[PDB]
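Asker:
Numbering (PDB author numbering), first residue to last: 94 to 219.
1. Report the option in 163, 123, 149, 168 whose CA atom is closest to the CA atom of residue 184.
2. Cβ of residue 219 within 7 Å of Cβ of residue 193?
3. Hey, how far is the Cα of residue 210 from the Cα of residue 109?
4. I'd like to know if the segment 96–111 and the segment 137–149 are in contact, where contact means that at least 3 CB-CB pairs between them fall below 8 Å.
5. Pick helix, strand or coil for residue 189, following the three-state DSSP scheme.
6. State the Cα-Cα distance for the pair residue 197 and residue 182, rounded to the nearest angstrom.
7. With distance defined between alpha-carbon atoms, name the residue in 97, 157, 200, 122 nearest to residue 189.
8. For residue 114, write down the residues that DSSP places opposite it in a beta bridge.
9. Cα-Cα, which of 147, 205, 106 is closest to residue 115?
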């Protein structure tokens, strides 16, 4: 099931009556920016994973908007945003998002704890 709203179209891909699920959110260049996003649903919170998307050349107001909509429907709060470290982008990203009151953490895999260089952020009903 996929619906399209104001320049935003999402497709929900559930799996069984348990466990996590997979969802895709596509945002159009409403403000001159179009990117394909990938988000996985984990429990009562939304998860955002950036496999390979244009980090730079994007505003911050757009991100906040998509966050408000998703939270409305899902009615959740625990939203996480994880993206790589291209060059000059994560700085301002936290500068604004910090207005919410999230926590900064880094990924740690049993094989490769730190190396991929992926900034992970986790926030909940503040």
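Even for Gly, the Cβ is constructed at its ideal location relative to N, Cα and C.
Answerer: So, from the listed chains and residues:
1. The option with the nearest alpha carbon to residue 184 is 149.
2. Against a cut-off of 7 Å, the Cβ pair of residue 193 and residue 219 comes out as a contact.
3. Roughly 33 Å between the two C-alpha positions.
4. Contact fails: fewer than three Cβ-Cβ distances are below 8 Å.
5. Helix, per DSSP.
6. The straight-line gap from Cα to Cα measures roughly 15 Å.
7. Measuring from the Cα of residue 189, the nearest candidate turns out to be 157.
8. In the DSSP output, where bridge partners are listed per residue, residue 114 has 134.
9. Among 147, 205, 106, the Cα nearest to that of residue 115 is on 106.
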